[PDB]
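What follows is a single structure, written as structure tokens, with notes after it.
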Amino acid sequence: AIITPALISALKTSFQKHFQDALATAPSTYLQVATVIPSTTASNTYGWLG
Amino acid sequence: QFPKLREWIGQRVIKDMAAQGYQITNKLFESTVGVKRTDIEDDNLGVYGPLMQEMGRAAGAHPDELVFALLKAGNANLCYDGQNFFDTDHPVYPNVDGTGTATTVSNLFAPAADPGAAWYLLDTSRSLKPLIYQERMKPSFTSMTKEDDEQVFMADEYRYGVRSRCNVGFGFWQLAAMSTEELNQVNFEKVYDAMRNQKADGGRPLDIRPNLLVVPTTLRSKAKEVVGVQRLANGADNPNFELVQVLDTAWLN
Amino acid sequence: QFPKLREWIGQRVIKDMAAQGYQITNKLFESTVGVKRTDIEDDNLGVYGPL
Amino acid sequence: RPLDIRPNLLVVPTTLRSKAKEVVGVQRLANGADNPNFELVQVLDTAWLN
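Chains as they are written, first to last, in the numbering used here: chain A, 1 to 50; chain B, 51 to 303; chain C, 304 to 354; chain D, 355 to 404.
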């Protein structure tokens, strides 16, 4: 019956992870407005003919 | 959340994470009704012993009362961060955010918008113990011999209402919900866009998708014109038609 | 209806229930028509008869 | 606890029959708008009223 309130009153709990990943983040969208051009050096120079 | 990407200048700034916790304890509940032996045993009409089924349906209806009372009192009870679930001062890293709008002029009934799509819903409930009942219908009972009789019928239940993120929910805008304009569209699209414009700890959008609109029976007509009418008063479209599904409940206000 | 649930603090609070009653008594009505024997018993065209 | 009440019948005399049908019975209000009160309550027209 009688017991310190720092052992039983502390350990009478059940940890659950329902709250984990409850919310999300905005989906990727840069694909719809940009192309992917891989690079192999410090910079990329572009040139086109008129 | 992991710290945001930074431009590499000099050394690195080693940052820290932020773990959060929510604690909530079970509560004890009971409803008990006492009658007399002579009353029931002299009841030849038979309109005095639906007590069993009345008590059963009361036990069944208790969770509705708990959850919707918590929804009502969301402006008073606190969420995990430290403020009220519906408060104007929800804290972000340096910033302050509000999820409750008032007018100080006309604030009568509050509609609620709940993005229930997420894995964790709003105003959750916890069920530690199912319902259990007991009677006093034998001679050997202490109550049966305490007076003429005390034929008590009671319920035992361990429950308590819970809540969740107090930024995914916007459930107090008592300004108005229906008019020719600026109440039908403004104060509803305002809630929708404010919830879709939330910012997480770190500087990332929350990606909120409001889908449920909860209103009392008195504001159902306003809610239905806001969502559920295809045309407009001038013959045009309602841009908010079929935007969110509305639910009418009588457990609030 | 059964009383609502109450938080457990110390002792069970024995509650009371109620029953209601309604009553109404029947009433007697009438409609009466008076006709003359010679008026209808001499009716040869059948004007009277749907009475 | 809340009471479940579901109105389903509107009772009017003959003189108010046109008003009742206009309130419930017409799908377009003024400019092609949609009547929010269309097909929710069935109107009853009886001459035993006023």
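Here a beta-carbon is modelled for each residue, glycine too, at the ideal position from N, C-alpha and C.
Where does residue i sit, in a helix, a strand or coil, going by DSSP?
i, result
"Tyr72 of chain B", "coil"
"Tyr143 of chain B", "coil"
"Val276 of chain B", "helix"
"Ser193 of chain B", "helix"
"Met187 of chain B", "coil"
"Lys240 of chain B", "helix"
"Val338 of chain C", "coil"
"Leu31 of chain A", "helix"
"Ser271 of chain B", "helix"
"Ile312 of chain C", "coil"
"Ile182 of chain B", "strand"
Would you say residue i reaches chain A, if we count a Cβ-Cβ gap shorter than 7 Å as a contact?
i, result
"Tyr170 of chain B", "yes"
"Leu78 of chain B", "no"
"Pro100 of chain B", "no"
"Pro113 of chain B", "no"
"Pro180 of chain B", "no"
"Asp164 of chain B", "no"
"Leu233 of chain B", "no"
Measure from the C-beta of residue i to each C-beta in chain B and report whether the shortest distance is under 7 Å.
i, result
"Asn385 of chain D", "yes"
"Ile327 of chain C", "no"
"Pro361 of chain D", "no"
"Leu11 of chain A", "no"
"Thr25 of chain A", "yes"
"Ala34 of chain A", "no"
"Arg315 of chain C", "yes"
"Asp399 of chain D", "no"
"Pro390 of chain D", "yes"
"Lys318 of chain C", "yes"
"residue 94 of chain A", "What is shown of chain A runs 1 to 50, which leaves residue 94 of chain A out entirely."
"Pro356 of chain D", "yes"
"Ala22 of chain A", "yes"
List the endpoints of the continuous beta strand (DSSP E) containing residue i.
i, result
"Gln396 of chain D", "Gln396 to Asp399"
"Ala205 of chain B", "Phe203 to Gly211"
"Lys65 of chain B", "Neither: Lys65 of chain B is in no beta strand (DSSP E) and is coded neither H nor E."
"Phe79 of chain B", "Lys77 to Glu80"
"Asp164 of chain B", "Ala162 to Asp164"
Could you tell me whether the Cβ of residue i comes closer than 7 Å to any Cβ of chain C?
i, result
"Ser229 of chain B", "no"
"residue 304 of chain B", "Outside the shown range of chain B (51 to 303) lies residue 304 of chain B, about which nothing can therefore be said."
"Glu104 of chain B", "yes"
"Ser193 of chain B", "no"
"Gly84 of chain B", "yes"
Flag residue i as yes when its Cβ comes closer than 6 Å to any non-hydrogen atom of the ligand HEM, and as no otherwise.
i, result
"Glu207 of chain B", "The ligand HEM is not part of the structure shown, which contains no ligands of any sort."
If you follow the alpha helix (DSSP H) that residue i is part of, which residue opens it and which one closes it?
i, result
"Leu11 of chain A", "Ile8 to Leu11"
Checking contacts by CB at 7 Å: is residue i closer than that to chain D?
i, result
"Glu275 of chain B", "yes"
"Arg213 of chain B", "no"
"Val279 of chain B", "yes"
Do the segment 365–379 of chain D and the segment 387–396 of chain D touch if we need at least three Cβ pairs shorter than 8 Å? yes
Which ranges does the alpha helix (DSSP H) cover as unbroken runs of at least 4 residues, wholly within the segment 98–137 of chain B, from first to last along the chain? 101–122
Closer than 8 Å is the cut-off here; do at least three beta carbon pairs connect the segment 179–187 of chain B with the segment 134–152 of chain B? no
Whether or not the segment 120–131 of chain B and the segment 200–219 of chain B are in contact is what I'm after, with contact meaning three or more pairs of Cβ atoms, one per stretch, closer than 8 Å; do they touch? yes
At what residue ranges does the segment 213–266 of chain B contain a whole run of the beta strand (DSSP E), taking only runs of 3 or more? 262–265
Can at least three beta-carbon pairs, one atom from the segment 247–255 of chain B and one from the segment 13–28 of chain A, be found at a separation below 8 Å? yes
Whether or not the segment 324–342 of chain C and the segment 360–374 of chain D are in contact is what I'm after, with contact meaning three or more pairs of Cβ atoms, one per stretch, closer than 8 Å; do they touch? no
Cβ contact (3+ pairs, closer than 8 Å) linking the segment 86–100 of chain B and the segment 182–202 of chain B: yes
Would you call the segment 3–17 of chain A and the segment 226–240 of chain B in contact, with 3 or more CB pairs under 8 Å? no
Do three or more CB pairs link the segment 219–232 of chain B to the segment 150–163 of chain B at distances below 8 Å? yes
Hey, is the segment 28–46 of chain A in contact with the segment 190–197 of chain B, meaning 3+ C-beta pairs nearer than 8 Å? no
Are there three or more Cβ pairs, one per stretch, closer than 8 Å when the segment 56–69 of chain B is compared with the segment 163–171 of chain B? no
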